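Raw contents of structure_14.txt, compact mmCIF, C-alpha atoms:
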```txt
# COMPACT_ATOMS: atom_id res chain seq x y z
CA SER J 1 54.35 166.80 -62.49
CA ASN J 2 54.28 163.40 -64.25
CA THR J 3 51.04 161.36 -64.54
CA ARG J 4 50.09 158.69 -67.14
CA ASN J 5 46.48 157.50 -67.68
CA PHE J 6 45.78 153.91 -68.79
CA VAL J 7 42.59 151.91 -69.52
CA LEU J 8 41.81 148.20 -68.81
CA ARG J 9 39.04 145.85 -67.41
CA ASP J 10 39.58 143.24 -64.58
CA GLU J 11 37.15 140.53 -63.50
CA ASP J 12 39.26 138.02 -65.34
CA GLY J 13 38.97 140.04 -68.57
CA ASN J 14 41.99 142.34 -68.85
CA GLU J 15 42.81 144.22 -65.61
CA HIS J 16 40.74 146.96 -63.96
CA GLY J 17 42.34 150.28 -64.53
CA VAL J 18 40.79 153.54 -65.67
CA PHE J 19 42.75 156.46 -64.18
CA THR J 20 46.17 158.24 -64.11
CA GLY J 21 49.33 156.84 -62.39
CA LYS J 22 52.21 159.22 -61.55
CA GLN J 23 54.72 156.44 -62.39
CA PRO J 24 54.18 153.74 -65.04
CA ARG J 25 56.24 150.97 -63.37
CA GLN J 26 56.34 152.09 -59.69
CA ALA J 27 52.58 152.72 -59.69
CA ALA J 28 52.09 149.41 -61.60
CA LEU J 29 52.77 147.25 -58.50
CA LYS J 30 51.05 149.78 -56.17
CA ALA J 31 47.96 150.08 -58.44
CA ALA J 32 47.04 146.36 -58.51
CA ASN J 33 47.38 146.31 -54.72
CA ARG J 34 44.08 148.19 -54.64
CA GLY J 35 42.32 148.36 -58.08
CA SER J 36 44.60 146.99 -60.90
CA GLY J 37 43.76 143.37 -60.07
CA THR J 38 40.87 141.96 -57.99
CA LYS J 39 42.75 138.63 -57.66
CA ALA J 40 39.39 136.93 -57.14
CA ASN J 41 38.74 138.34 -60.65
CA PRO J 42 41.84 139.82 -62.34
CA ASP J 43 43.74 139.00 -65.58
CA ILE J 44 46.87 139.52 -67.73
CA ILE J 45 46.84 141.68 -70.86
CA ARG J 46 48.47 144.65 -72.59
CA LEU J 47 47.00 147.60 -70.62
CA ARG J 48 47.06 150.19 -73.42
CA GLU J 49 45.19 153.31 -74.59
CA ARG J 50 44.80 154.39 -78.22
CA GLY J 51 45.09 157.92 -79.67
CA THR J 52 48.07 158.60 -77.37
CA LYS J 53 51.10 156.41 -76.58
CA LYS J 54 49.85 154.16 -73.80
CA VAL J 55 50.79 150.44 -73.58
CA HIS J 56 51.69 148.40 -70.44
CA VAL J 57 51.90 144.61 -70.64
CA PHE J 58 51.74 142.94 -67.23
CA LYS J 59 49.46 140.83 -65.02
CA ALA J 60 47.95 142.29 -61.80
CA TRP J 61 46.78 139.97 -58.96
CA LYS J 62 46.95 139.79 -55.14
CA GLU J 63 49.85 137.51 -54.09
CA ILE J 64 53.67 137.64 -53.32
CA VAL J 65 55.54 138.24 -56.65
CA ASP J 66 58.97 139.71 -57.33
CA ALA J 67 59.47 143.45 -58.12
CA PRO J 68 59.44 143.37 -61.95
CA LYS J 69 61.84 146.29 -62.73
CA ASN J 70 59.25 148.63 -61.14
CA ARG J 71 62.06 150.85 -59.66
CA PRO J 72 59.70 152.08 -56.94
CA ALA J 73 61.89 153.60 -54.17
CA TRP J 74 58.82 153.36 -51.92
CA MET J 75 58.31 149.57 -52.40
CA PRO J 76 59.14 147.07 -55.18
CA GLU J 77 56.99 144.06 -56.12
CA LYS J 78 59.40 141.66 -54.38
CA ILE J 79 56.95 140.82 -51.60
CA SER J 80 53.55 139.40 -50.57
CA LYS J 81 51.54 141.93 -52.57
CA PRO J 82 49.70 142.30 -55.85
CA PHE J 83 51.32 139.90 -58.41
CA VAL J 84 52.67 141.79 -61.36
CA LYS J 85 54.00 139.66 -64.24
CA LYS J 86 55.88 141.97 -66.60
CA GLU J 87 55.77 142.25 -70.33
CA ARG J 88 57.06 144.92 -72.81
CA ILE J 89 55.59 148.38 -72.08
CA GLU J 90 55.44 151.47 -74.37
CA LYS J 91 53.86 154.82 -73.38
CA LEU J 92 53.79 158.52 -74.31
CA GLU J 93 56.97 160.34 -73.23
```
Go through the file and emit its structure as structure tokens.
Amino acid sequence: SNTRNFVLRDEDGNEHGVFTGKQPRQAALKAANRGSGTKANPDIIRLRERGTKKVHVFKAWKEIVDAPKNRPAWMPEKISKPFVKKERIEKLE
């Protein structure tokens, strides 16, 4: 199985995210849809975690963006959905 945990705080601060995502990019667009971006109170920042290799730089809101190299065979971010503005990401392999 493959699951990566990440930590961040929304409400216009960073981005709310404190849990594990099976896919870093594919779950990136899916995650904001529900909890990675409140939209009424979300933000853009490097969602990282120290100690281990965990760093995702993106922005998570609720609006129609473009699938930022999420490679999600289920659904990309090219659609009316949670906005996800990409930025360099680095995580534990």
6 Å contact set for range 45-50 of chain J, all atoms listed in the file, chain neighbours under 6 positions out, as a PyMOL selection string
chain J and resi 6-8+14+56-57
Could you tell me how far CA of residue 93 in chain J sits from CA of residue 53 in chain J, in Å to one decimal place?
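Computed distance, CA of residue 53 in chain J to CA of residue 93 in chain J, equals 7.8 Å.
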What residues have an atom no more than 9 Å from (48.2, 136.8, -55.5) in the file's own frame, counting all atoms listed in the file, and can you write them as a PyMOL selection string?
chain J and resi 39-40+60-65+80-84
Name all residues at most 7 Å from residue 35 in chain J (count only C-alpha atoms; drop same-chain ones fewer than 3 positions away) and give them as a list in words.
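Result of the neighbour search: residues 16, 17, 31, 32 and 38 of chain J.
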Point-to-point distance in Å for CA of residue 72 in chain J and CA of residue 20 in chain J
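For CA of residue 20 in chain J relative to CA of residue 72 in chain J, the distance reads 16.5 Å.
From CA of residue 74 in chain J back to CA of residue 15 in chain J, the distance works out to 23.0 Å.
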Compare J:22, J:71, J:4, J:54 by their minimum atom-to-atom distance to residue 90 in chain J, counting all atoms listed in the file, and give me the closest one.
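The closest residue to residue 90 in chain J is J:54.
For residue 28 in chain J, the non-local neighbours within 8 Å, defined as residues at least 5 positions apart in the same chain or in other chains and counting only C-alpha atoms, are residues 21, 23, 36, 70 and 84 of chain J.
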Can I get the selection written as a compact mmCIF listing (two decimals), in the coordinates of the input, with C-alpha atoms?
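Contents of part11.txt, freshly written:
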```
# COMPACT_ATOMS: atom_id res chain seq x y z
CA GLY J 21 49.33 156.84 -62.39
CA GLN J 23 54.72 156.44 -62.39
CA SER J 36 44.60 146.99 -60.90
CA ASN J 70 59.25 148.63 -61.14
CA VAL J 84 52.67 141.79 -61.36
```
Min atom-atom distance to residue 69 in chain J from the set J:10, J:41, J:89, J:5, counting all atoms listed in the file, belongs to J:89
Skipping near chain neighbours, those fewer than 4 positions away, what residues fall within 6 Å of range 75-78 of chain J using only C-alpha atoms, listed as a PyMOL selection string?
chain J and resi 29+65-67
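Among J:42, J:2, J:12, J:73, the residue with the shortest atom-to-atom distance to residue 30 in chain J, counting only C-alpha atoms, is J:73.
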